[PDB]
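A.B. asks: In PDB author numbering, the protein residues as written are 6 to 460.
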Ligand SMILES: Cc1cc2nc3c(=O)[nH]c(=O)nc-3n(C[C@H](O)[C@H](O)[C@H](O)COP(=O)(O)OP(=O)(O)OC[C@H]3O[C@@H](n4cnc5c(N)ncnc54)[C@H](O)[C@@H]3O)c2cc1C
Ligand SMILES: [Xe]
Ligand SMILES: [Xe]
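#1: Output the residue ranges of the alpha helix (DSSP H) runs that lie fully inside the stretch 46-80 and measure 4 residues or longer, sorted by chain position.
#2: Under the rule that 16 or more other beta-carbon atoms within 10 Å means buried, what is residue 100, buried or exposed?
#3: Check whether the Cβ of residue 388 lies closer than 8 Å to any heavy atom of ligand 1, and answer yes or no.
#4: Using the DSSP secondary-structure output, state which residues sit across from residue 384 in a beta bridge.
#5: On the DSSP letters alone, give me the boundaries of the alpha helix (DSSP H) that residue 440 sits inside.
#6: Kindly indicate which residue of 311, 114, 349, 401 has the alpha-carbon position closest to the one of residue 267.
#7: Run through DSSP, which three-state label would residue 100 get?
#8: In terms of DSSP beta bridges, what is residue 163 paired with?
#9: Note the first and the last residue of the continuous beta strand (DSSP E) segment covering residue 111.
#10: Would you say residue 217 and residue 269 are within 9 Å of each other, going by their C-beta atoms?
#11: State whether the stretch 406-421 contacts the stretch 321-331, with contact taken as three or more CB pairs (one from each stretch) at a distance under 8 Å.
#12: Using DSSP with H/G/I as helix, E/B as strand and the rest coil, what is residue 278?
#13: Name the DSSP beta bridge partners of residue 215, please?
#14: Any heavy atom of ligand 3 closer than 8 Å to the beta-carbon of residue 381?
#15: DSSP three-state label for residue 331, please.
#16: At the level of alpha carbons, what is the spacing between residue 388 and residue 318?
#17: Residue 392: which of 71, 18, 225, 39 sits nearest, CA to CA?
#18: Evaluate residue 31 with the Cβ neighbour count: other Cβ atoms within 10 Å of its Cβ, from every protein chain shown; 16 or more gives buried, anything less gives exposed.
#19: Could you name the residues that DSSP lists as bridge partners for residue 178?
#20: What do you get for residue 286, buried or exposed, if any count of 16 or more other CB atoms within 10 angstroms of its CB means buried?
#21: Say yes only if the C-beta of residue 200 is nearer than 8 Å to one or more non-hydrogen atoms of ligand 2, and no if none qualify.
#22: To the nearest angstrom, how far is it from the Cα of residue 236 to the Cα of residue 329?
#23: Contact between the stretch 149-157 and the stretch 432-441: three or more CB pairs below 8 Å?
#24: For residue 121 and residue 202, what's the separation of their Cα atoms in angstroms?
#25: Hey, residue 46 and residue 89 are a contact pair by Cβ (cut 8 Å); roughly how many whole angstroms apart?
#26: Identify, in the order they occur along the chain, each residue of the same chain with its Cβ nearer than 6 Å to the Cβ of residue 229, setting aside the five sequence neighbours on each side.
#27: Along the alpha helix (DSSP H) that carries residue 231, what are the first and last residues, could you check?
#28: Is the CB-CB distance between residue 280 and residue 242 below 9 Å?
#29: Let's see if you can read the secondary structure: which residues bound the alpha helix (DSSP H) around residue 185?
#30: CB-CB under 8 Å to residue 5, same chain, minus the five flanking residues each way: which ones, in chain order?
#31: Using the C-alpha atoms, what's the distance from residue 252 back to residue 91?
#32: Pull up the distance between the alpha-carbon of residue 59 and that of residue 161, whole angstroms please.
#33: Keeping to the same chain, check which residues put their C-beta closer than 8 Å to that of residue 428; ignore five residues upstream and five downstream.
#34: What is the DSSP secondary structure of residue 390, counted as helix, strand or coil?
#35: I want to check one thing, is the minimum distance from the CB of residue 101 to the heavy atoms of ligand 2 below 8 Å?
#36: Can you list, in chain order, the residues of its chain with a C-beta nearer than 6 Å to that of residue 69? Leave out the 5 residues immediately preceding and following it.
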């Protein structure tokens with residue numbers, strides 16, 4: 006409708022992307038290549054008022070609203086067929102202060118712009134481990150990475166935000182301003198509106214001692230048992246994750262391990278590197294290590310490596326849950342399952358959290374499952390679309406195969422088929438509180454391309 010559209014055009018100064026344009030096919034592609042959808046309109050916003058006009062417009066037109074930060078939605082939420090995509094990719098600007106250890110990021114930041122900005126002052130705050138992830142979706146659902154055991158979730162360092170709500174108002178939210186929303190936005194998702202600015206606290210982070218190695222799959226049981234019990238008792242400073250995968254063809258690996266299923270191990274000591282050297286060495290021989298790399302890295306460097314691969318995978322499928330305890334039978338399963346991995350980029354990942362995260366009260370934020378120390382992520386990944394059924398199937402026979410030991414799911418790991426699963430991840434009780442807040446700030450469920458919260 007022209008009256009509605011012309012008003013939008015006048016107030017908006019960000020590039021427009023229409024269904025026809027030469028850049029349409031690229032603008033609508035997201036990282037998750039299995040989602041192939043065609044929106045009515047793509048708005049690459051370049052400022053806060055840009056976003057406001059776009060929020061109202063979609064509402065007055067009855068356009069379904071998709072919000073996209075870095076496009077990594079494993080569930081494919083940041084693109085739609087037949088509606089509007091609010092792309093904040095252009096809002097990528099960042100303010101720092103050495104003298105205030107504070108940063109202000111627009112809602113479309115990629116991690117690597119952010120980490121770059123803070124490490125300019127030898128500063129950092131926890132975020133994910135792969136740098137081109139969008140800051141937006143990551144934080145909205147919670148957000149962890151290397152510093153999380155020491156310093157908590159990204160949301161655990163979040164102070165204020167600027168957010169555009171469905172009714173087109175602009176609000177600041179913090180612990181003292183609309184704390185109901187600030188509570189809800191720390192973990193609920195984009196259900197409540199579009200974050201245009203984020204406020205954090207910053208910590209000083211110098212060179213960190215880091216190690217990755219490749220243990221033979223024969224030694225899988227003892228390493229994980231060692232891994233799980235030791236991490237039960239590991240310093241907050243120690244972070245140690247496991248990636249089970251086909252062995253990369255690296256010259257550091259013996260040819261007889263190339264292309265064979267191995268266990269990788271990535272670890273680091275957030276702290277003095279001298280203490281680190283001692284501590285990592287003590288756990289590196291949980292089994293016989295191969296393709297051993299040790300370095301002292303600026304934290305920026307810790308984020309960049311994730312992850313070495315010569316091909317970027319087009320098609321992905323993920324299945325994730327939490328565990329309170331990993332039994333021996335659980336250990337045998339995953340180990341049992343691994344041998345079946347048949348594509349070079351799919352990983353069954355095993356992360357151990359707790360630390361600063363578990364010392365935070367379960368109801369203190371919208372992030373549920375703090376008390377669950379374990380995360381497992383079954384990440385099918387491949388290229389050839391026709392092969393979809395073979396890999397896609399594997400991860401389920403896995404969550405499904407391993408689906409008891411589990412209690413929940415991380416919202417930022419839901420795949421495109423898990424929209425109904427929104428209730429077990431958050432748990433019941435929390436969700437009732439969330440629905441009250443959504444009903445106050447988004448009574449109409451305008452924002453439904455997320456792990457959706459009905460009003
Ligand atoms: C390869 C990979 C690695 C990852 N590693 C980690 C990790 O180490 N730690 C971790 O915690 N998570 C991790 N994640 C999860 C990550 O949070 C999700 O991929 C998430 O979808 C990425 O956010 P995004 O804004 O880039 O994606 P989007 O799809 O654009 O965002 C996902 C959801 O958030 C909404 N949203 C996004 N930005 C905004 C905004 N500014 N305002 C309002 N709503 C918004 C979207 O509409 C959608 O509802 C990883 C994901 C991938 C794919
Ligand atoms: Xe700031
Ligand atoms: Xe992944």
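The C-beta atom is built at its ideal place from N, Cα and C for all residues, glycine as well.
C.D. replies: Answer, in terms of the structure:
#1: 53-66
#2: exposed
#3: no
#4: 323, 352
#5: 433-446
#6: 349
#7: strand
#8: 205
#9: 107-111
#10: yes
#11: yes
#12: helix
#13: 273, 300
#14: no
#15: coil
#16: 6 Å
#17: 39
#18: exposed
#19: 166
#20: exposed
#21: no
#22: 13 Å
#23: no
#24: 18 Å
#25: 5 Å
#26: 336
#27: 225-237
#28: yes
#29: 184-190
#30: Nothing in the structure corresponds to residue 5, since the chain is present only between 6 and 460.
#31: 39 Å
#32: 30 Å
#33: 436
#34: helix
#35: yes
#36: 85, 88
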